[PDB]
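Below you will find one chain, with nothing else, as structure tokens; this is the form deposited in one PDB entry, and questions on how it binds or moves follow later.
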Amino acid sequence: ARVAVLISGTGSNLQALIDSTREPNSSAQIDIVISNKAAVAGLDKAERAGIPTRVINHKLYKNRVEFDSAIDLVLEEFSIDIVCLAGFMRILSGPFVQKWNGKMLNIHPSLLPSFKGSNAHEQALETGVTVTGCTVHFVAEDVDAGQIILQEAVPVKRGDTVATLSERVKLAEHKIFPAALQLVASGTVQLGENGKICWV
């Protein structure tokens, strides 16, 4: 399966995906890295890995649909089969999400359905949970319907901050995101016709 990774920042998840997809048994190949922010470290990791990069600036488009539509053109150009959102901090429009339904994965730093949204770690610390984690899920129009592929629990330790908690969670992200990509790319996991996860 041909995979595009969309990023917005450091790209530690991108690096984990690169490392895994280069393994001989990987059913996925990363053929393009797309960032909405220039000069982000994720672009360097891609270039070090010899992966084509494309910066698409959301701030240069008349609206989201024209911005998403720009991304979709790159995806078609590279004949992409699966889209991995790895730190992509730009909400995608309904028609784009509709087109790539069942083919777009996202990593979220919480045990969904808990702590949806942009500051999951802050929410988890404010709430006082002692167990958090991360989630790889199919991207749906409303984040409340995205089917879950893999999760991993991560302990919240006394005195944790966003810095220390996010660091611990990212170690789990770097495990379940490559595993989830491998599950989808191999056809072992798919969005069944009923809309729920289907294990083949």
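For clarity, a rigid core is taken as the largest C-alpha set superposing within 1.5 Å between two forms. Heads up: residue numbers just count along the shown sequence, starting at 1.
Once the C-alpha B-factors are averaged per stretch, 42-50 and 161-169 rank with 42-50 first. Look at the mean CA B-factor for 133-141 and for 51-59 in the entry; the higher one is 51-59. Of the candidates 128, 113, 87, 94, the one whose C-alpha carries the top B factor in the deposited record is 94. Residue-level inspection of the entry shows that, of 65, 32, 156, 153, 65 has the top Cα B-factor. Residue 37: CA B factor lies in the highest third for its chain, per the PDB record. When all modelled residues of the chain are sorted by CA temperature factor, residue 191 is found within the highest third.
Per-chain ranking of the deposited C-alpha B factor places residue 123 in the lowest third. Annotation for residue 147: C-alpha temperature factor in the middle third relative to the rest of the modelled chain, per the entry. In the deposited entry, the Cα temperature factor of residue 3 places it in the middle third of its chain's modelled residues.
Same protein, other form: the form deposited in another entry, not shown, and the subject of what follows.
With the core held fixed, the Cα of residue 153 is displaced between this form and the one not shown by less than 2 Å. Relative to the superposed core, residue 170 undergoes a Cα shift smaller than 2 Å between this form and the one not shown.
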